[PDB]
Structures are given as structure tokens and as C-alpha cells.
4 protein chains.
Amino acid sequence: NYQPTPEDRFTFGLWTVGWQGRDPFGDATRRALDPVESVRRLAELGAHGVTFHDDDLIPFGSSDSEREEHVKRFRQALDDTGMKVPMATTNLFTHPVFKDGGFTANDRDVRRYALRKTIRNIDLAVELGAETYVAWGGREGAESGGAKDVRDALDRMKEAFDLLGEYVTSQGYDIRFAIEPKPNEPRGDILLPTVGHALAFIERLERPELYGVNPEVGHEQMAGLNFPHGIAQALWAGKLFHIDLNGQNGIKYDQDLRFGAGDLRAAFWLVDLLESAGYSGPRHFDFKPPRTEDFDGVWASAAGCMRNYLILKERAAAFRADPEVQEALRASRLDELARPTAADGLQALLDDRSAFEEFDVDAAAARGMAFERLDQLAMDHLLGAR
Amino acid sequence: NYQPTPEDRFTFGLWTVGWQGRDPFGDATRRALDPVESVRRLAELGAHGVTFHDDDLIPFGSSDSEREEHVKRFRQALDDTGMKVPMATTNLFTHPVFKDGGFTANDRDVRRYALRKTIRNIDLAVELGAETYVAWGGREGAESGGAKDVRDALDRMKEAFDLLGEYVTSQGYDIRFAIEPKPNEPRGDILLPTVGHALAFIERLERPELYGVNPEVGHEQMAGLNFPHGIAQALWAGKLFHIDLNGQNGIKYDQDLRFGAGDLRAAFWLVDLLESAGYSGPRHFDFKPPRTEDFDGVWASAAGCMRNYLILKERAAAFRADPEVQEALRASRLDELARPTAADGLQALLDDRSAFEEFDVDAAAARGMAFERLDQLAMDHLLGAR
Amino acid sequence: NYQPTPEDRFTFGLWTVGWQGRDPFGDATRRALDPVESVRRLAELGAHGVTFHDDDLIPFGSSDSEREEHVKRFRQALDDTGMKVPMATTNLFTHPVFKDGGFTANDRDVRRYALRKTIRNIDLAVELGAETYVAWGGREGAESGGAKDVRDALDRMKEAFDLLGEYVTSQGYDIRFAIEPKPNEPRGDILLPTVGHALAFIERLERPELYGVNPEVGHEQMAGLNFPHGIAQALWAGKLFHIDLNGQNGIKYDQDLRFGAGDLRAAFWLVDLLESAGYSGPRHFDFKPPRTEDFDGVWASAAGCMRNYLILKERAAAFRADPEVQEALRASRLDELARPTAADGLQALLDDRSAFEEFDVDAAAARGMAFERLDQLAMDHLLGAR
Amino acid sequence: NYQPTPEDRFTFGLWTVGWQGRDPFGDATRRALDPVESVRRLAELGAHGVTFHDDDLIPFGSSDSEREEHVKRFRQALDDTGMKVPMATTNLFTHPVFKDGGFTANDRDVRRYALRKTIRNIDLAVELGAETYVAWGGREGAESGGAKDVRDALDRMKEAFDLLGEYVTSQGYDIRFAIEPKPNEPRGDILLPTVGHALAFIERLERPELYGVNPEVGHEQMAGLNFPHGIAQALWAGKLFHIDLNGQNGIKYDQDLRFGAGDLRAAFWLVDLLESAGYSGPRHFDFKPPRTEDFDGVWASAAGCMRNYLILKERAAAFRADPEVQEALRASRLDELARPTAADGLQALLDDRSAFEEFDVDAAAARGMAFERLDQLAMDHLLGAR
Ligand SMILES: OC[C@H]1O[C@H](O)[C@H](O)[C@@H](O)[C@@H]1O
Ligand SMILES: OC[C@H]1O[C@H](O)[C@H](O)[C@@H](O)[C@@H]1O
Ligand SMILES: OC[C@H]1O[C@H](O)[C@H](O)[C@@H](O)[C@@H]1O
Ligand SMILES: OC[C@H]1O[C@H](O)[C@H](O)[C@@H](O)[C@@H]1O
Ligand SMILES: [Mg+2]
Ligand SMILES: [Mg+2]
Ligand SMILES: [Mg+2]
Ligand SMILES: [Mg+2]
Ligand SMILES: [Mn+2]
Ligand SMILES: [Mn+2]
Ligand SMILES: [Mn+2]
Ligand SMILES: [Mn+2]
């Protein structure tokens, strides 16, 4: 039951199932994985593909010959399995040189280095077939108020993204960029901390059509925000280029639980929205199998990400198809929400006495919205209790 | 010491000092105030002006003759004191008809009513001299996932703001709109929950130049976000049309404490940024004197808002003017953050071996940023301990 | 399916289904309910009983004759339906006199009044059959640091609870007290903010055996705490005298959603624990039907509280009874967690070389805990996807 | 100005200034420090002493000869500087064997190992002069509901603390234990997550007088709780055996900023309370210099912890000594809060008509508490703006 196949477009970062379990208070609990092994094991579970940071696929500091062999072995694993590489990203956070940021480091030489490291990896990502290049500015931010003038930092961040767009255009590449917001951790506060801040920033770039967002479930929940609402705004803007799926229990450190863990009802409404909107990109899991697990638990955790998506997909589709739910949606006026407020135009609205002078405010106020009945139908569908 | 005068541009909502102290668990602890009295008492404290919701100035349901007398008395209080009215707003949240929203109510007749109620008050706001019209969509949102399709709701919200822009343009008014974000409360989640989401939405409106943000200290802090950072992004976008100043202790209900209470260091960095950026709009307090207070405590609380702004203004200016701080800012490379990363252009960056092939990553990583020394100078300045 | 009956011990506060929908930003959306009607409608839904604050059952300020008639009508509704009254409480938060607290008000005359108001209602609660008397100190706390010396306030709170215990002992009553913690709202911070702080305080009372806790799902979640863990500690202490069931979406204002809404997985683990531990008290819902609802939605929301408890009870029981889960629990060493660490005693442990000198730390570290497989079995059971 | 000396009792963990800067997303930015160097540098800054985990002072896995040399060098640094060692603790979190806990690990052999590792270090702590032994159960908890039966885990935690008390009693040691709560991180939820839960647990131990709490500023703030309030409850219980001072910006990952950073007003009210209550234990800083800093920034950050404590101590003492504040405290009835509610006894209260039948509730309700004036005096004192 609920068995994934590559057609479901489920993808995993090499750093997810490859996480060795080091945390701020703990040493590694698992040995490092060869990317080749991760590709094979994920393919056996029904995954569609994998994603990578530059430094996950090629150890930092590798010589050209070593780099060529790493890529060759990875390419052979992709060929052996039929796995794809839909997205890649740059590691601009692990190395100490990035301790104050990459694109917005106060040191200009570090900013130039970060751009060169990214451009090198864009070339590789294109070679491996990626359609999206993600930027997660995890080190862009501050622990103290004097350390970062944010207007200057946003100037530098715009310059960096503009140069990357000039670069991909210069090479004729079709790849597009997706900014992954996060509100905090590892910096005390991170620039572009939410989907909204990232969407707003893109609109000031030179070529905004090249940039979208890669929202992550847990990151918007770390700000206490409603992730399905933020996804709806990204879709409304035409900017949901990619998504990171995982679980998070509220406002605390970034947990990266498997998808479906954390806020289960939010996971249900997310799947409902992605399927209703026809999102066609990768269903990418950015999760960490807990460091309590051995390698068998790693693969059980990855399998559970995909299983939970498929269960929620079934339950959301049953909800929207149920005639009793369709009647409840009309009872709650979701049909009226989708109708224009004033297609008659401004002057007609101003002249419409039923909109003000003769509007019976008390009769309107007395009409219940029937949202609790609708939501209990949604709960009954989610739980299989209809 | 620290005595405000009207030139400091401090303004207060009638609903702030007028709050009677009703909370979700408590009846009123103070009698209602006549707006005329609030104008007089605020003017005596050194305020520049006042702001209003339609229903603060004219009781809901007033006849035309009553409305004319309310406005006449208010105008005479403004004339007697020299107080101004720089901003007004519509109450689209108190009346039960708005229980599911105003501009994004599922009922289309309620959406049309909300627009007509707003347009009536825009006319009054212009008559009283307001330069900004604020929209706080406190009822726009949901407690459950099925109750609001957010893409449809954003369609309705765009339609509403577009019609309001068509209206002000049709009348030749100079007033501009400012959206006030809030993440939650009274709805479980509110649409446009942060500065970023509001900035992003404005960019999809028909006439984006007419709309900016009215961020509130406590609202961004209710999402755990850094308010000075969000203000910097709004300034970077050219969209800080107005601001609401108050205090909040972290992620919990909207406290609306007096400015300077709550997160004191964030208040310091906010004042530093507003003064450095040359923000020229009203310094508006959206606060509630705690319901423990009598009327004398109300005015003490309002006075404390202005006092705390003026103390922080002095301390931030002393910080930025101190030669030892200026040296520390250079030591931490804030000068380098303000320099373009690659004014030499993309090809020059790609050909620059000092940016990659010959970049000494370890030497760069070893350079301390000296941010702790800088931040302790900032603390010493804030505390008057230099 | 999932139909409650009085044997399931579900109870509701009169203030829950009776909530008129006033919030900090909104007027009432529903008319007041007669307690008699609430008793009848709840009984028809399958409830076991109701609970009350003094001022829910008898309007504040009633004369003795009015008080007698209110009680008489309520008693007749209980007799007509077979509903019980297992718990009552005092309203020490709505009236303005309590603006700085009841038992810990700075004014001594208010503290004495609060005690007298409570004692009057203890007598009534006993007359109506209540076994538990709840204290929720919603006004005990502060918005500012100077306003409340907390050691002195805890002295006053101990004095109050000690006097109430002296009173019930003096009358020969069997009723016991349960303190309901909440971290904040309506005060900026509330004294005894969590289950732990309340348990710790009880241990300093004169007669600790008379006092336990009445934890509420949403209140511990407002501090980001794990409600099943806090319930387990209360059960471990022998102090779970009563419980308040509802839903909450994380750290924000007190939402009081219907049970099962909010954090669904936490609701599952709570029901699992209450049923496994054999909790025999009332399953009391302290919830507010959202103000979007009409009276039909009120009863739909109350019905959904009970339905969701019964669904989760079925799924948790199926989880614990499944032989595959029982094998997974052994694989994860939950059996070993329940065995004493050192029943052999201290000297035997000190002399046991297998505990230190010869303990193979690496072999132990390499053993996976298999928690992800266990948790996916739990998810499959909760979702009915086995 | 504000220069610390050893008489101020400021202490630092070796792991604080010794933190190399590894975070969940970043490699080390600083070289490891020799404990001898940290002792010397801290002594030069005016510190009183240092604290240690076993594995900070002696590398894990050291032979007896290596252990003896590590201790010998450390003892010579203490002798050379006059630094003391007032507290020590065990590392039961870094090694992978502790991935599911130490005292509450599901594996019984790990629980026995954790006890033996602790007992070995208690002996060393006593040899070095420590008066307090801290337990921070950072790995005691869970990411999922099935993985840990919390009642069984609390049984195991009680067994462990009881055995440690039996051990110290058996040796005639005077050292006492202090439990350090934390709500989450590194586990999804940690057992005994707050001061209150720890205080409540101690009351169920065999010899409760041997155990107190070691609360940390940032940890209670990670639950959104008011740290001065929790400290007041610990003092009220007689259980403040030790304290960890640092800074935290609200509900997010554990930041461990230097003391005075984070919530400055809470730091002021904490210092006010510690000084007013006459707390005589170490003023211990559990902080991490940010990984942006070099070694000079490490010592600047440590110096700033002590400076900020001394500034706040001066400002709080000036507040409490100011006759205008003393008058404001009487105006707000803080004197009445410290008076018994009913020293006349229960029967006198029941017979006192001024407490109920003749209490003028409206006159009492109308009396303002004057808390805003009091709090602005506190702000003026903190800012040096009187
Ligand atoms: O950008 C790719 C990834 O980089 C890092 O691993 C971040 O922790 C993760 O959130 C992000 O998705
Ligand atoms: O929009 C004007 C005001 O409306 C309401 O009073 C909101 O509570 C407040 O935040 C907002 O500033
Ligand atoms: O104490 C009884 C009840 O009093 C109030 O209604 C509180 O809001 C609620 O949480 C509590 O359960
Ligand atoms: O228990 C001593 C210390 O152990 C660890 O370093 C914890 O991170 C810290 O909070 C605690 O104080
Ligand atoms: Mg991610
Ligand atoms: Mg506001
Ligand atoms: Mg309750
Ligand atoms: Mg600590
Ligand atoms: Mn994440
Ligand atoms: Mn507010
Ligand atoms: Mn509640
Ligand atoms: Mn900490």
C-alpha cells in the first residue's frame, strides 16, 4: 500500500540520508555514506532523484583529477538506477571562511569567493541535468545589531543574485534560481527570513523572472507561520519553483523531521494545496534521520517521508471529491470567495445602495460560516473515520 | 530632560490612550474617553498628532447630523491645540459582520460593504489632512485549513486594494496606503503575516507605487523576527510609509506595551536605523496602557513612549559619533560591506585568480570579525556606561 | 461510528459552548445561552456532565432570591438529563477588581475578597456534587518587573491555598483542589506558568495531599512544551486530578480549539497515555467554538471534541495491541527502560566491571534505537494505513 | 569602571571560552584551548573561578597516567592564579553511546555506565574543591511519542539521583546536586524542561535536601518563560544552589549569548532579585563567544559578561534606594503584597463583613495600580536617565 515510484517525483538531498548525526552537543553516530550507495538505496525505495551541495558530491579541496572521478562514479550510479538530479546548491555555510556570510560577508574578498564557488557548481549542476539551483543563505545575518547594516547587506545580496543571473544568461542555461528562506539558525537572525521576505526581495532583482522560492516546511514553522498559507502566496505569485518537505514541532531549533511528523494537519493541508494547484516540481525531502537511528533506520525514515505524502494525497483527494464536503464548502461560501467582489466596477459599487445604505449588517452578521462542520469532515477524512 | 515637542513627530491612535481595558478574560477597567480630551491631553504631553479608525471618531451607526457634530468637535480640538492627523484607518474587525474578514470575507456582500466603509473614511481622512491610510487586515485569515482558499483570498485582497487605488486616483487625492502586517490574533493565522509577505503582495498590485507598509514592533516580534531587520528591508524597498512603535516580550499574544518596554536592545537598534536612514514619517505609538492603570497611568504610559524614543535617539547618536566606535566598525569591516562586490563586472570576477584559484581561504577564515567588542561598545553607549 | 455516551465521562464548561465570541478585537457574535439549554444540548450529544464558574451559573451581583432560582432551574436540568457536575471553579479574573490578581493582588482587601468569593462557591460546588475544585490564577502575575515581588506573591498564594484547605477540612468535605497552570495571557507572565511549577508549589503547601493539577493541552503548548510529557510527570507524582482537553497551534495566544485540532499527533499520544495509565477522571473540554460559528456550529464543535477523543482512543489501543508494534517496542528497548538500573545496589554497581572498566562503549553506541520504524508504525495506526 | 574582582564570584565553564565554534551547520572557527591557558586568561580578567565537565578537563579515554598529568597541570594553574573550582558536571551528551540518554537511556547498560562515569567525576570534583555538582540531562527525552515512556523514564531518573545521593552520603562529602533544566535541544523535548518541573521532581527524591536547581537564563527563555519569576520560585523553595547566566533572544535554538545580551530588561530584573535575595553562590556564565570571533573576541566577550552584571547591579541598587521609587512602590501597594492576607485566621475572615458583604468592589476596582509610573522609574534607572 502507498508504494512510491519514480513518477511521484520524490527526491532527497545527499546530505539528508547522509547526515552522520553530529549536532551542537554530540559527535557523529553514523559513518559517512558514499553518494553512490545513497543513490542506489534511494532508487530501491522508489525515489525519483537526488540533490546535492557541491561539497557533498566532491570533498572540499579536491584536485581536478579527484573531482573528475567523484563525478564519474556518481554519473554511473545515476545511469545504473535511472535516478535524476533536479536541483543542486552551493555549500556557503560549513567552511569557517563563511562565518559572517557568503554573498553578504562583511569581507569583500569572501563575497567574491562565494560567487566564484557558486558559479563553478552551477556549471556542474547543468551538466548533471538540474533545472533549479537553490540558494540558502544560512550564514547571511547577525547575532548583534551593529555587525550588519541590513540595507547594505541587501545591496550585496542583490548584486550577487544579479551577477548569477547574468552568468546563466551568458551561458544560455535554462536553470532557474530558488531562494530558500529560514528565520534563524545558525545565525541569530537570517536575512530574508520567510517566504514573504524572499518574494519581496526577488521583485527588486534585475531579471525577476529567473528567481523563485524553495520554501521549507520547518523553516516557516520556526517563525510560527502557517506553511500552507505561505505556499499559497508563493503559488499566487507564480514563484513556487521547488519545495523542501519535512516536519517540525513548532518554534524551536530546526528539527528536520521526516515529512508527516511534526504538524500532521499542516502536512495534510499542504498536500491538498500542492495537488489542487497542480504543482509539478520535485517533492524534495530536506530531512535528517534522527541520530538515534542506525543505517536501517535511515532508510526506514526516508521511506516514511514518501509513504506519508502518498497517504495524505489519498485523504486530501477523497476530501475534495466527497459530495458531502462539496456541499459543506458551498454552505461556508467558498464558492463566493472565488467570485470577483466588484466586476461591475468602482462606480457601480459606489452607486450600489445594497452595498452600504441598504445593507442589512445584522442579517449578514447572524449567518454562521459553518467552518467547524467543514473542518470535522476534513478531520474525519484525514483519519479515515468517515 | 528628554522632553518631546511637536517637532519630534510623535503621534498616537485614539484607540491607544482610549483603550478601556477589555481583554479576552476581563471587563473594562476605565471609562471611555472623549476624543477631544485625548487630543488635549496628548498635546499637553508634547505630541504632534493623533490617528483614528472611523469608528473611534464617529460611533458606528451614527446619523449624518451626529457624524457632523463629532467631526466638528474633533476639528475644534485640533485647532485649539495645533495637533495634526497624519494617518487614519478603517475598523474592519470589531463588528460581527467582519467575523470572517472584510476584504477577504467569504461572503461577497461583506467584501463590498468593507470597501464602501473604507472609501467613506478615506474621504474623511483626506478632509482632516491625513497623508497615509492604513489597512490592518486583522480578520483576514482562518482557524482551519478548509475555510479559506488563500490564492482566492489574495485575489480578493488584490481586487480590493486595486479598487481603493482607483478611487484615490479618481479623486486626485495625494494620500497613500500602508499595509500593517500581523501574523496571528484575532485569527489563527492572518494573511500577509509579516513585512516580507506584505512587500511581496504590493508588487502584484496594479499601481504598486501607491502602497507601502506600516510595520509594528510587536507584530514582527510575535513571529520571532528581528524588527530592525524587517524595517531595513522595507527601507531598502522604499516602502516605509509609516511605523507603529510599541513593546512586546517575544512570541505570545499581542501585548502592545509602551515603546521601550519589551525588547529594549531591539528598540535601540530600531531608533538607530530610523535616524540613520532619515525616516521622516510619524513616530506613531500603537500601544495599550495596561488595564491595571487608572487615567493618570494612561498619560504616564504615553509620556514614557516618547521619553524612551528620545533617550534611545541620544544613545544611538552618541554610539555612531564616537571615534572609538567608528574605529571598531572599520575593524569589523562594515566599510567593506558597503563596497560593491564586483564593480569590475562578471568577466573580471571570473578571470580574477585572487577570487578563487589563489584565494587563501585559511588566512581569511582566521581573521576575527571583532563583533563582540563592537557590541559591548553599543551596550556601554545604551547604558550610559562609557 | 464513534458515538459518545455518558460512560465516556466527557464534560464541558458552561463557558465553552456558552462563549459569545467576544475577543480582544471583536464584539460578540452569538447570543448568551441559558445554562439550562446548554445542559440539555450537551446531554443530547452524549456528554456526561458540565462544569461552571460561580459567575457563569449565577450572574455577578445576584440577590439571594435570584441565586436560589438560578440554582433551582439548573438542578432541574441536571435531573431531567442525568448530567453530573464533577468540577467547579471561581471567576477571579473578569471583574475589574481582579485586575492585579485575586489571591496575589497587591491590595490585601482584594485578596480577602477573592478568598471569600471562592469559599462561597466551594459550598455550592459541594451541594451540586463536584469532586474537584479548580483554581486558575489567570490574573496572578505581571507585565513589568517592579509590580510584583514573586516571593511575596508565592507567600500569598500559599496562604490562600492553605486557608482553602483548612476550610474544606473544617466542613468535612471530600472535594480536592486542582491548580490549572497557564504561562501568560491575560497577564504578561502568569505565576505557576506550567505543570512543573504548579507541582513544585503544591509540595510547599500545608496539606499537599489535597491539591493536584488541572493541566490544559493548549496552555502547556503556549510554552512550546510537550503536553503528554507534562501529563506523564503529573501522573508520576500522583497529581492528575482533572484535565482540560482542547487544541492549540503552537506558541501564540490561547486558541482553545476543539480537541483534536491543533497538534493532532500530540492528541494521539495524550490519549494513548491517559488510557494506558488508567486515568479515571473527567475528560473535560475547555474549548471555544470559533466566533465564525452560529449555534449549530457550536454543537458541531462540541460533538467533534468527543468524536476525536474516541477515534484517537481506538487508534492508540490498536497500536499498543498490534504484535508488530509490540515487537518494535522490544527492538527499541522500551522493556529495558522499565527495568531498574541497579536493583543490585550501589556497591554492586561500583564493583561491576561490565559497567565501566570492561564496558564496550563503541558496541553500545553502534546499536540503532529503531525509533523511526516504531514511529512510522504509530503514524500508520493513527492514519488507518496498516 | 565596573571592573570585576574575584570577590564578585564570577565563574566560567572551561567549555565556554573554550568553545571552538562548531555548530550544526559549521566547522570549528577557533583552535582548542588548553584549560591552563583559560584559567590564566580568566584570572587576568578578574574571574573568581572555573567549572568543568569531566571530558573538558581530561580527554575522553585517557589512561590513568594521562589523567594524573592533566589534573596536575590544572591544579598548578589554580595555584598560580588563586582561581577556585566551585562546581563540576559530567558530560553525558557528546559521546554517541548517550544518543538516547544517560540516566534515562532505554538501554540499561548505558544507564549503569552513565552512573559510573558521574561517580568517577564526583570524586574528582570534591578533590578540586567543588561545592555543587550539576546534572544537565540534555539527552534525556525524545523526538517521537513511542520512544520514551515518560513515567518509566522518571522512575529511572529518580533511581539515578537517589544512587548519587547514597554515594555522596556514603563518602561523607558535603557536595550538593543541582539539576539544570532545558526544554528542548538536542532532543526534541527534554525531560524536566523547566525550573518548575525540576523543583517538582526533587520533591520525590529520597533525600530532597541534597538537590536544588541550576537554572539558565536562556533555557527558561527558550520556553518563553520569565526567568526572574522562575528564579523567585526557586528561591522561595530554598533551592537556588547555582545559576547559569547568559543571553537569549526569545524562543529559538539555544544561543548562549554573553550575559546582558538578549533580553536586557530581564537581565536587570534578575540582578535586582539576586542582589535583593542575597544569593551567595557563584555568578556562573554558561555562554559561547560567537564563532565570528577570534581569540581576542573570546576574552572581550567574557569580560562583557562580568561588566554587564556589574552595571546592572549598580542600576538596580540605585532603583531600590531612590526615595522616589520607594514612594512609588508604596503607591503601587508592594508593601501590602508583603503583608499576610488573613493573619486573623479563617473564622475571622469568614465573619468579616468588610471582606464580602460590605466590600465596595467598585471603589477597589477604580484604584489605579500606578505600575506604569513605577516601571518608567525602573527604565530611567536602567538607562541612567534620571
Ligand atoms: O540549500 C540546500 C540546503 O542547505 C542546507 O543543507 C540547509 O540546512 C537546508 O535547509 C537547505 O535546503
Ligand atoms: O490599523 C490601525 C490599528 O487597527 C487595530 O487597532 C490594530 O489592533 C492595530 O495594530 C492597528 O495599528
Ligand atoms: O478554571 C476554569 C477556567 O477558567 C477560565 O475560563 C480559563 O480561561 C480556563 O482556562 C479555565 O479552565
Ligand atoms: O551542565 C553543564 C553544561 O553542560 C552543557 O555544556 C550544557 O550545554 C550547558 O547548558 C550546561 O550548563
Ligand atoms: Mg532546506
Ligand atoms: Mg498597529
Ligand atoms: Mg482551562
Ligand atoms: Mg547551562
Ligand atoms: Mn531545516
Ligand atoms: Mn499590536
Ligand atoms: Mn486555554
Ligand atoms: Mn544554553
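**Student:** How do you make sense of the interface of chain B and chain A when you look at a structure like this?
**Tutor:** Across the boundary between the two partners, chain B contributes 100 residues, which contact 100 residues of chain A. In total, chain B and chain A occlude about 9,300 Å² of area from one another, counting both sides; carbon and sulfur atoms represent 61% of this. Counting across the interface, chain B meets chain A through 14 salt bridges. One salt bridge connects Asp 352 of chain B with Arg 112 of chain A, and the closest N-O pair in it is separated by 3.0 Å.

**Student:** How do you make sense of the coordination of the magnesium ion (ligand 8) when you look at a structure like this?
**Tutor:** Geometry reference: four tetrahedral donors at a metal, ideal angle 109.5 degrees. Six octahedral donors, ideal angles 90 or 180 degrees. Residue and element names in this part refer to chain D. Protein ligation of the magnesium ion (ligand 8) involves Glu 180 (OE), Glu 216 (OE), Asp 244 (OD) and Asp 286 (OD), the donor distances falling in the range 1.9 to 2.2 Å. Taken in sequence order, the residues that donate to the magnesium ion (ligand 8) follow the motif E-x35-E-x27-D-x41-D. Between the magnesium ion (ligand 8) and the manganese ion (ligand 12), a spacing of 4.8 Å is present, and a bridge between the two is formed by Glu 216. Residue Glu 180 is located in the loop between β6 (176-179) and β7 (189-190), and its partner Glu 216 is located in the loop between β8 (211-213) and α8 (217-221); the two are separated by 36 residues in the primary sequence.

**Student:** I would appreciate a short explanation of the site of ligand 3 in the present structure.
**Tutor:** Every residue close to ligand 3 is listed here: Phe 25 of chain B together with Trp 15, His 53, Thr 89, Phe 93, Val 134, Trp 136, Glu 180, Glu 216, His 219, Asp 244 and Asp 286 of chain C. More than one chain approaches ligand 3, the contributing ones being chains B and C. Here an oxygen atom of ligand 3 and a side-chain polar atom of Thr 89 of chain C are 3.5 Å apart. Within the side chain of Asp 286 of chain C, one N or O atom sits 2.7 Å away from an oxygen atom of ligand 3. With the chains in place, 97% of the 310 Å² that ligand 3 exposes on its own is no longer accessible.

**Student:** Would you mind showing me how to read the packing of aromatic side chains here?
**Tutor:** The description of an aromatic ring pair rests on the distance of the ring centres and on the angle between the ring planes. Counted according to the given criterion, the structure contains 88 aromatic pairs over all chains. Arranged with centres 4.9 Å apart and planes meeting at 75°, the rings of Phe 268 of chain D and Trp 269 of chain D form a pair that is edge-to-face. Across this residue pair, the class does not change: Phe 268 of chain D and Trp 269 of chain D are buried. The ring of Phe 241 of chain B carries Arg 176 of chain B above its face, with NZ or CZ at 3.6 Å from the centroid.

**Student:** Any chance you could explain the interface of chain C and chain D here in plain terms?
**Tutor:** Size of an interface, as often reported, equals the accessible area lost when the parts are brought together. Taken together, the contacts link 100 residues of chain C with 100 residues of chain D. A combined buried area of about 9,300 Å² lies between chain C and chain D, and 61% of that area is made up of carbon and sulfur atoms. Between the two partners, chain C and chain D, sit 14 salt bridges. Across the pair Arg 367 of chain C and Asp 107 of chain D runs a salt bridge whose closest N-O atoms are separated by 3.9 Å. Counting the contacts that link chain C with chain D gives 60 residue pairs in polar contact. Here the side of chain C that touches chain D takes 12 residues from helix α6 (residues 150-171) of chain C, the largest share from any one element. In terms of residue class, the side of chain C that touches chain D is built from 51 nonpolar, 16 polar and 33 charged.

Parameters at a glance
- Residues numbered from 1 in each chain as written, not as in the entry; some residues may be left out.
- Chains lettered and ligands numbered in written order.
- Heavy atoms only, no water.
- Contact = heavy atoms within 4.5 Å.
- Buried area = accessible area lost by both parts, 1.4 Å probe.
- Salt bridge = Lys/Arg side-chain N within 4 Å of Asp/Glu carboxyl O.
- Donors = N, O, S within 2.8 Å, 3.2 Å for Na, K, Ca; no water.
- Helix = DSSP H or I, 4+ residues; strand = E, 2+ residues; numbered from the N terminus.
- Near = heavy atom within 4 Å.
- Polar contact = N/O pair within 3.5 Å; in protein donor to acceptor, adjacent residues only side chain to side chain.
- Areas by Shrake-Rupley, 256 points an atom, 1.4 Å probe, with all protein chains shown as cover.
- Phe/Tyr/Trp six-rings, centres within 6.5 Å; stacked < 30°, edge-to-face > 60°.
- Buried < 20%, exposed > 50% of the residue type's maximum accessible area, 1.4 Å probe, protein only.
- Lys NZ or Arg CZ within 6 Å of the ring centre and 35° of its normal.
- Nonpolar A, V, L, I, M, F, W, Y, C, P; charged D, E, K, R; others polar.

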